[PDB]
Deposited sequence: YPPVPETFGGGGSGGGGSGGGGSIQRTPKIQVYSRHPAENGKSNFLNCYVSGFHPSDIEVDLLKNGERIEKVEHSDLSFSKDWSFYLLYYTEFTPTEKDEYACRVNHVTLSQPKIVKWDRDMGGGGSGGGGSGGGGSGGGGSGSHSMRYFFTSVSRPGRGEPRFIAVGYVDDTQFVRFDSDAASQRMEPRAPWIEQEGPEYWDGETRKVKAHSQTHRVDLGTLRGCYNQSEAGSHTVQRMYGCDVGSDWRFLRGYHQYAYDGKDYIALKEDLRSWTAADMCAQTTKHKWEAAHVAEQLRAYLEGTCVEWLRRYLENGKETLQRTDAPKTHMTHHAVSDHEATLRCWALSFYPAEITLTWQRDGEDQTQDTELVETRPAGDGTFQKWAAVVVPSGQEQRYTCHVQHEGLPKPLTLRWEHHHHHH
């Protein structure tokens, strides 16, 4: 029920002493969403640290990027401290300073109850491909759907008024469900619980409808989900069957199909056109390699979209033993990074190769010592 965070500390750009840069701490794969992330400078907390809006992956685990602007010098040493319910003590990771395709629109919703601390926390984010473009936070000041990409700011007040009305309704719904789910599972009004909703549509390179999604999760575990055919549901336990029958009797799936197949597609197309300078670009990865037993590390920087495959081979066959693959991470400027590692005998590193499959490369690339 609880997943511990994966921590990465890195800079946006390669570090150059005296050159302005950005220090990143990417925490991913954790549950619940409660996390304390600090950026340290010489055993001291960095004052003005910003972070990205809460979002989560297919497995429902959350991810966050904490970042600040800094100018590294010779003496300064940096790190990231992370506290979480799955940790006996805060974990510190030091900044190792010596180190043609489909499209999609996705909406992610998260609600977390706060017994005896006001209404539940509601965070909503919108994505086109790997670019976030809208957000809503119940704790923010605006109480409005807010832009997070240049190309969405062209929309007029009718758009923003409607999105705010709709997102607030998503919020009210999740508030009711939080109490409902508390009753169905016989839990006390003192514990904190998380409800996660996610839906969206996929289109091919021809912008025609491909797939649609609508999924629901309670405390990180699957609750109910729309099948791939968008005409039936998938319940997870005895509690979710009650909602399934209440939704099949209300023919809810028919309404969702129309949105995913029509409205969702229609506005995804409009977004892709309005932000073509951004969304329809492909940044090829700037690739590189780092190095009786030795370590070989294949890297990939400043690429978009995030979809990428780094695989290892020993004399032709995919070696998946003694290999380390790290989660793709955001650079903070819209691009992404990733690397992979493998143990090798110092002297046999020529019988090893790294394969880079990316949507922005003419053909797969090959790298060896």
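K.L.:
Map the modelled residues onto the deposited sequence and report the uncovered stretches in sequence order.
P.N.:
According to the record, the gaps fall at 1 to 23, 123 to 141, 334 to 338, 417 to 423.
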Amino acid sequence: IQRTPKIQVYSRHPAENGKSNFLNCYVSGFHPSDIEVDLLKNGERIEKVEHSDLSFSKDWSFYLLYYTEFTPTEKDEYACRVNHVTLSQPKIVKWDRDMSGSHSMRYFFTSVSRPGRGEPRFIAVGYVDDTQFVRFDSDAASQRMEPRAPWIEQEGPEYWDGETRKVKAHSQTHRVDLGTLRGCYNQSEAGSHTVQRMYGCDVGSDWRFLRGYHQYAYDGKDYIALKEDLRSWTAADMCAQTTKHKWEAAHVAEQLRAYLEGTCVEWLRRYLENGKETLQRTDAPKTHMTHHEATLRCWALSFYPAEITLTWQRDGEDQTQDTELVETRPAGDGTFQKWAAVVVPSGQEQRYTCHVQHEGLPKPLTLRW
From here on, numbers count along this sequence of modelled residues.
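K.L.:
If you take the mean CA temperature factor per stretch, which one wins between 114 to 122 and 252 to 260?
P.N.:
Looking at the recorded C-alpha B-factors, 114 to 122 comes out higher on average.
K.L.:
Report the stretch with the higher mean CA temperature factor, choosing between 313 to 321 and 27 to 35 on the basis of the entry.
P.N.:
Taking the mean C-alpha B-factor of 313 to 321 and of 27 to 35, the larger value falls to 313 to 321.
K.L.:
Sorting 164, 280, 205, 287 by Cα temperature factor from the record, which one lands on top?
P.N.:
Comparing C-alpha B-factors across 164, 280, 205, 287, the maximum falls on 287.
K.L.:
With respect to the C-alpha temperature factors reported in the PDB entry, which of 170, 94, 291, 270 ranks highest?
P.N.:
Of the candidates given, the C-alpha B-factor peaks at 291.
K.L.:
Rank-wise, by C-alpha B-factor, drop residue 339 into the lowest, middle or highest third of its chain.
P.N.:
For residue 339, the deposited C-alpha B-factor lands in the highest third.
K.L.:
Using the B-factors in the PDB entry, rank residue 147's C-alpha atom against the chain and give the third, lowest, middle or highest.
P.N.:
For residue 147, the deposited C-alpha B-factor lands in the lowest third.
K.L.:
Could you look up the Cα B-factor of residue 356 in the entry and say which third of the chain it sits in: lowest, middle or highest?
P.N.:
CA B-factor rank for residue 356: highest third.
K.L.:
Determine, from the deposited record, the chain-internal third of the Cα B-factor for residue 191: lowest, middle or highest.
P.N.:
Residue 191: CA B-factor falls in the highest third of its chain.
K.L.:
Would the CA B-factor of residue 78 place it in the lowest, middle or highest third of its chain?
P.N.:
Bottom third by C-alpha B-factor.
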